[PDB]
């Protein structure tokens, strides 16, 4: 309940402060909790917030500490020289470094619990890790502890891991405080930058692929992947969740599930992060993934997403079948009934399922949310849950009956196991949505649908054409409507190599459009159209971004206000050959000849901090909103982490840097 020691406002420059006299032998049980509110003046090197050690020659592997790395990783050590027990518990991407040129105040904590044999670490309101270890050490288990310090570890008479910064408040407790208390204690201004959080109203512990859009009524809208079984692209269960703000991004609605299947329950799952287990996946729930948003000229809002039947992955999907038949000039989604070899059925007018062999209606039908009926009554299946008690994953039928659905593995009639694109519409700026509409097979009957480029669509100003970015793995696929979204066509552009070409558009001048996109060669590519997306140039490449060959998604938007007398675009991307890190926001000024002068940039946090997928929007007051993956979402070391997708705002003056 009350600390054995509390200190305030201790500024350090790598030297530490001895507090041995104020801690000596105060950890009676040997358990501990230490809560540290701090900021770093420099991020370089491994830095300890505190160190409790045997400082004598030869005992340099007898200490407890909590530490920070230059990549945002928070960890702790607990080591005993004589028994050769060496415990290290941590999670990447746990803290923030700097924000708009200034040191961020974080609050972190460590709890050591002898009865549970666990070490737990907390950062800004989140329990980032709790790990049971066989070789558990408490302070009494480490022999001859004799030195207690702030801002380093005393090892063989010298200070190691010197902290550079201010310890604004540090509290030491001689017991293991409970989780709700410590979450509360660590909650601060950083916590308020999370819109989506682990086990909120989505039920997901994990999130990826954020998207931001500002509507013409001033509402700021966000969408994201709620990924339940860790952060895996596949196999997984994924829903699209949404949340909005009516006050310029200051406060946000409780998240809602907007696109969601219910073959698997949306539940918080503890996905393992060890080298064995982290590769584990569920068997696969039907999935929506990778959202794109656009507002039409009439103020209707459209959201697109990829749709995946349960158990099917992007890599295994058949690329030789659209999942449609053409019968009497119309495109009908086709179905295979359990036990049949061929696809003998189609969904036709009113959702009536026809037997294509006899060309007559069956007693079965499919509603607009893909649920299956027989004689006007719904068929049901049992929903699955996943549990992880210790180390063993189990999937089981959970007692809930849900509507049978053509995307589920337990359905009597099933779609082709490939990918599809769906869209929904809203007439109330995101408060409610229509039932989904599957795109027709615009790639051809014998090709799979494209994969969407997460972010936004645009309306080209001179023609009114709606453009939706997508890709196939070998080509760009620019999806478009010329009839205000009643029907859809595609422009397919072959690419120099097999890019995962996630793309976004900007308009330079009336009729002139650029598509900026991810590649497999380390650069960001851009293609240019001078006829509103009908024809496209060969790729050009940005000169100042150099990334790994796998690449990352980007965000680029038009900005409404003049910067230095010029129309501007704003770009967000990682920029680093060592991983998804060194996030930058760039400002491009459109020249008279429609080339771009990339004149300014701002680094988002320090350069070794993680930065993956991102999304930009212009707020109603002309500030900029950014939401991004503040971690490396490619790296096998940073999978399955909670509360790592923050929202932040910038004034143009915050971005106009590095001339």
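Positions refer to the first chain, counted from 1.
Averaged over their C-alpha atoms, the temperature factors of 8-16 and 633-641 are higher for 8-16.
On average the C-alpha atoms of 460-468 have higher B-factors than those of the other stretch, with 460-468 and 116-124 being the two compared. Highest C-alpha temperature factor among 59, 617, 612, 39, as the PDB entry reports it: 59. Reading the B-factor column for the CA atoms of 243, 385, 350, 181 in the entry, the top value corresponds to 350. In the PDB entry, residue 96 places in the lowest third of its chain by CA B-factor. Sorting the modelled residues of the chain by their CA temperature factor places residue 580 in the lowest third. Compared with the other modelled residues of the chain, the Cα B-factor recorded for residue 203 ranks in the lowest third. Sort the chain's modelled residues by C-alpha temperature factor and residue 625 lands in the lowest third, per the entry. Ranked within its chain, residue 237 lands in the lowest third, by CA B factor from the PDB record.
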